[PDB]
Structure formats: structure tokens, C-alpha cells
Amino acid sequence: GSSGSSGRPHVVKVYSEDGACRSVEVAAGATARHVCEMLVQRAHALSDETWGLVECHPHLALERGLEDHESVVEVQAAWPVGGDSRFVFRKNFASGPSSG
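The rules behind the values
Residues numbered from 1 in each chain as written, not as in the entry; some residues may be left out. Heavy atoms only, no water. Buried < 20%, exposed > 50% of the residue type's maximum accessible area, 1.4 Å probe, protein only. Helix = DSSP H or I, 4+ residues; strand = E, 2+ residues; numbered from the N terminus. Arc of directions from axis to C-beta. Contact = heavy atoms within 4.5 Å. Pairing = 2+ DSSP bridges. Salt bridge = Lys/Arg side-chain N within 4 Å of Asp/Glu carboxyl O. 1 Å grid on protein atoms, 1.4 Å probe; cavity = no way out; pocket = protein on both sides within 12 Å on 5 of 7 lines; lining within 4 Å. Points joined across faces, edges and corners; volume = space filled by probe spheres on them. Nonpolar A, V, L, I, M, F, W, Y, C, P; charged D, E, K, R; others polar.

The deposited coordinates, according to the entry record, derive from solution NMR.

The structure is reproduced here in C-alpha cells:
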């Protein structure tokens with residue numbers, strides 16, 4: 001519970017199932033949705049599916065999904081040091097169908 005500094009941008013490295021990693025220039029503010037939007041597309045941007053971000057733990061072999069309101073940074077700052085945690089972009093990853 002101690003945050004008070006903002007200067008350089010936050011280069012979030014989001015990896016895709018395929019493997020290709022796509023980074024995006026964001027700053028303390030962009031949520032897990034801002035990335036989805038950017039990644040998906042910027043120009044025009046109709047809407048496309050909801051999509052989202054999924055934090056992967058390349059150490060504990062874990063996979064946690066975050067919402068849109070969720071802050072990739074805030075969530076990224078949560079990740080421990082002893083774990084090169086990262087984000088993943090997927091539209092299919094949960095338990096139980098919903099379709100909305």
C-alpha cells in the first residue's frame with residue numbers, strides 16, 4: 001500500500017496462444033481491457049468480442065483470468081519477484097458457458 005510515482009510508460013508484454021508476443025505502450029491507468037482493445041485493434045475498432053487478459057505463471061504453471069476493470073499494472077505489481085509472471089490474450093478460458 002504505497003504508490004506515488006509516474007514518469008516512464010509501461011510496456012506490457014502480452015503473449016498470444018500462438019506464441020507471438022505483442023507489447024503495447026501504456027501508462028499507469030490502462031486496465032486489462034485497455035490492452036484487449038489496443039491489441040485487438042485501434043483504428044476503427046468496431047467492437048469485436050469481449051475478450052480479456054489472463055495472467056500466466058511461467059513457474060507455478062498457473063493461469064488466472066482478470067476482468068476488464070482489473071488493472072494489468074495493479075495486477076502486474078501484485079505478481080511476486082520470484083516469478084516472471086506475464087499476461088495472455090484469450091477469448092476462451094473459464095469454467096461454465098455464458099455467452100453474452
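Engineer: Break down helix α1 (residues 32-40) for me, citing the residues and quoting the values.
Structural biologist: Every buried residue of α1 is listed here: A32, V35, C36 and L39. Projection of α1 onto a plane perpendicular to its axis shows the buried side chains occupying an angular sector of 100°, all on one side. Contacts from the buried residues of α1 go to β1 (10-16), β2 (21-26), β3 (53-57), β4 (62-66), α2 (72-76) and β5 (86-89).

Engineer: With reference to specific residues and values, describe the pairing of β4.
Structural biologist: Where β3 meets β4, 5 bridges bridge the pair, whose relative direction is antiparallel. Residue pairing for β4: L53 is matched across the bridge by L66. Connecting the antiparallel pair β3 and β4 is a turn made up of 4 residues, with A61 showing a positive phi of about 55°.

Engineer: An account of the pattern of salt bridges is requested, with residue identities and associated values reported.
Structural biologist: Overall, the coordinates contain 3 salt bridges when judged by the stated rule. Of the charged contacts, one joins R42 and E37 as a salt bridge, the two residues approaching to 3.5 Å between their closest N and O atoms. Its salt-bridge partner being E55, residue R64 comes within 3.8 Å of it at the nearest N-O pair. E55 gets classed as buried once you look at its relative accessible area, which sits at 5%.

Engineer: Would you mind going over the layout of surface pockets in detail, with residue names and values included?
Structural biologist: Roughly 550 Å³ of volume is contained in the largest pocket. Around the largest pocket sit 23 residues that line it, and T50, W51, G52, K91 and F93 are the ones nearest its centre. For the lining of the largest pocket, the secondary-structure elements that each account for two or more residues are α1, β3 and β4. In terms of residues, the lining of the largest pocket owes the most to one element, α1, which gives 3 residues. Split into classes, the residues belonging to the lining of the largest pocket amount to 9 nonpolar, 8 polar and 6 charged.

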